[PDB]
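Structure, as structure tokens:
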Amino acid sequence: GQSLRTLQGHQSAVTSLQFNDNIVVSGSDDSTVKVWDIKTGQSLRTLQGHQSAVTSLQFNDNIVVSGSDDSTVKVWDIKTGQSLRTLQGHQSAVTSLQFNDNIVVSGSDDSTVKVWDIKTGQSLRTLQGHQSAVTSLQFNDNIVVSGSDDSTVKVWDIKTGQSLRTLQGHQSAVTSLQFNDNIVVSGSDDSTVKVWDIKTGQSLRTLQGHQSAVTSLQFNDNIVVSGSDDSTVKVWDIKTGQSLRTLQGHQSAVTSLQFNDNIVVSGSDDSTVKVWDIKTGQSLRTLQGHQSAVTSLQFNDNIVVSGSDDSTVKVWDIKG
């Protein structure tokens, strides 16, 4: 439950983060990405180049990929801080991204998803069809799934670029999504989570119970965990579509969550992170220390890392 390090240096909100056993990488409204030592707290390098807020990022052993309100995606050499490619083509903010060894996939306020060659920096495909901002995306070797402010989820063939399915039924923006070989799970401003058959496009379940927008979700074979503007996290049985637990305790919207077999970790506009026993619904720990909303988090067996509107990242001992 104890704060281990406070990573100070960003000049505005932290929007996004990822960590491994050695480093934290954070993206900020101040238009930079920072690389930090997870154990010492030291700022290691600052990736400067974007002209507006960084919204989204991912990294591996060689590169960082960042997306920005300036409408670009940048690829950086994590080992030197040098900008390797700027992916230009979107007409408005990049909101979401994912990459693998070959390709970057980006989503934008311009309503499109683009597929790029990560080595050359050239666009391969533009996925056209949404009628408003793309908010979220995921891909694999075969398909892209995108969620949009137009209230739909779209499933695309990643090699050809063709729309395969448009999942219709949400009554407001899709905020979040995840998929596997069988199902798509989407969360919406309409306060529901929906489960869909990815091959047929059939709506399989509507998880009803939240009293305001669903902001975040994760699922596995057994359960969905959702976070909401109503300040709760809900745990659902995916098979019946019924809620198992409501995790109550946050005083404002839940913005972010992650779970494993034992625990849920949630971040909130109330400035705290909470650790919960997923089996019982009980709060195990409240991580107090941020001075404004928690926007983003990640955890493992040992530590939580949280990012905040207060411009800091914090590293916590998740046990005590």
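Chains: A, B, ... in order of the structure tokens. Residues: from 1 per chain. Ligands: from 1, in order shown.
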Item to check | Who sits within 9 Å of residue 44 of chain A, only C-alpha atoms, same chain under 6 positions skipped, as an NGL selection string | outcome: :A and (23 or 34-37)
Checklist entry - Which neighbours of residue 270 of chain A fall inside 8 Å, counting only C-alpha atoms, when residues of the same chain fewer than 5 positions from it are skipped, and could you give them as a PyMOL selection string? => result chain A and resi 250-253+292-294
Next on the checklist: I'd like the neighbourhood of residue 258 of chain A as a PyMOL selection string, where a residue qualifies if any of its atoms comes within 10 Å (using only C-alpha atoms), though same-chain residues fewer than 6 positions away should be ignored.
Outcome noted: chain A and resi 216-219+225-227+264-267+275+296-300
With C-alpha atoms retained, could you export that selection as a CSV table (one decimal), in the first residue's frame?
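Dumped to selection_18.csv:
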```
chain,number,residue,atom,x,y,z
A,216,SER,CA,-12.6,0.8,-19.1
A,217,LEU,CA,-12.9,-2.9,-19.2
A,218,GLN,CA,-10.9,-6.2,-19.3
A,219,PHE,CA,-12.1,-9.8,-19.7
A,225,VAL,CA,-14.4,-6.4,-15.2
A,226,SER,CA,-15.8,-2.9,-16.0
A,227,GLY,CA,-15.2,0.6,-14.5
A,264,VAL,CA,-8.6,-5.9,-9.3
A,265,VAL,CA,-6.7,-2.6,-9.4
A,266,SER,CA,-8.7,0.5,-10.2
A,267,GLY,CA,-7.9,4.2,-10.6
A,275,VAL,CA,-6.7,-2.9,-4.8
A,296,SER,CA,-3.8,5.2,-16.1
A,297,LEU,CA,-2.3,2.3,-14.3
A,298,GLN,CA,-0.5,-1.0,-14.6
A,299,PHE,CA,0.4,-3.6,-12.0
A,300,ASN,CA,2.2,-6.9,-11.5
```
Next on the checklist: When you look at residue 50 of chain A with a cut-off of 10 Å (counting only C-alpha atoms), what residues show up, excluding the ones that are within fewer than 3 positions of it in the same chain? I need them as a ChimeraX atom specification.
Outcome noted: /A:30-33,47,53-54,66-74,86
Next on the checklist: Write out as a PyMOL selection string the set of residues from segment 125-306 of chain A that DSSP, computed on the backbone, places in strand (DSSP E).
Outcome noted: chain A and resi 125-127+134-139+143-148+153-157+163-167+174-179+183-188+193-197+203-207+214-219+223-228+233-237+242-247+254-259+263-268+273-277+283-287+294-299+303-306
Checklist entry - From the list A:158, A:65, A:207, A:257, which residue is nearest residue 170 of chain A when using only C-alpha atoms? => result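 Distance minimum relative to residue 170 of chain A lands on A:207.
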Checklist entry - Which residues, written as a PyMOL selection string, have at least one atom at most 10 Å from residue 211 of chain A, with only C-alpha atoms counted and residues fewer than 3 positions away on the same chain left out? => result chain A and resi 190-192+208+214+228-232
Item to check | Shell of 12 Å around residue 141 of chain A, only C-alpha atoms, local chain residues under 3 positions omitted, as number ranges by chain | outcome: A: 99-105, 115, 138, 144-145, 156-160, 180-181
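The gap separating atom CA of residue 64 of chain A from atom CA of residue 269 of chain A is 27.4 Å, in Å to one decimal.
Relative to atom CA of residue 94 of chain A, atom CA of residue 116 of chain A is found at 13.4 Å.
Comparing the minimum interatomic distances between residue 173 of chain A and each of A:133, A:203, A:185, A:249, counting only C-alpha atoms, we find that A:133 sits nearest.
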Next on the checklist: Please determine, counting only C-alpha atoms, which residue among A:168, A:8, A:176, A:268 has the shortest atom-to-atom distance to residue 196 of chain A.
Outcome noted: A:168
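Distances to residue 153 of chain A were evaluated for A:16, A:222, A:312, A:172 using only C-alpha atoms, and the minimum falls at A:172.
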Checklist entry - Counting only C-alpha atoms, what is within 10 Å of residue 319 of chain A, bar same-chain residues fewer than 6 positions away, as an MDAnalysis selection string? => result chainID A and resid 1:2 275 284:285 301:304
Please produce an output containing N, CA and C atoms for each residue in the selection, written as a CSV table (one decimal), in the first residue's frame.
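Result written to result-v6.csv:
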```
chain,number,residue,atom,x,y,z
A,1,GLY,N,0.8,-1.2,0.0
A,1,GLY,CA,0.0,0.0,0.0
A,1,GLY,C,0.8,1.3,0.0
A,2,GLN,N,2.1,1.1,0.2
A,2,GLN,CA,3.0,2.2,0.4
A,2,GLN,C,3.6,2.8,-0.9
A,275,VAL,N,-7.0,-1.5,-4.5
A,275,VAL,CA,-6.7,-2.9,-4.8
A,275,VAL,C,-7.8,-3.7,-4.1
A,284,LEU,N,-8.8,-4.3,-0.5
A,284,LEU,CA,-7.6,-4.7,0.2
A,284,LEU,C,-6.7,-3.5,0.6
A,285,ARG,N,-6.6,-2.5,-0.3
A,285,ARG,CA,-5.7,-1.4,-0.1
A,285,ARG,C,-6.2,-0.2,-0.8
A,301,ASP,N,2.9,-8.6,-9.8
A,301,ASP,CA,2.8,-9.2,-8.4
A,301,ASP,C,3.3,-8.3,-7.4
A,302,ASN,N,4.2,-7.4,-7.7
A,302,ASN,CA,5.0,-6.6,-6.7
A,302,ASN,C,4.6,-5.2,-6.6
A,303,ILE,N,4.2,-4.5,-7.7
A,303,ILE,CA,4.0,-3.1,-7.7
A,303,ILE,C,2.9,-2.7,-8.6
A,304,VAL,N,2.3,-1.5,-8.2
A,304,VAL,CA,1.4,-0.7,-9.0
A,304,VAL,C,2.1,0.5,-9.5
```
Checklist entry - Restricting the calculation to only C-alpha atoms, which member of A:128, A:280, A:22, A:48 is positioned closest to residue 245 of chain A? => result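 Of the candidates, the smallest distance to residue 245 of chain A is held by A:280.
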Item to check | Option closest in space to residue 243 of chain A, from A:206, A:151, A:283, A:186 [counting only C-alpha atoms] | outcome: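 Checking each candidate against residue 243 of chain A, we get A:206 as the closest.
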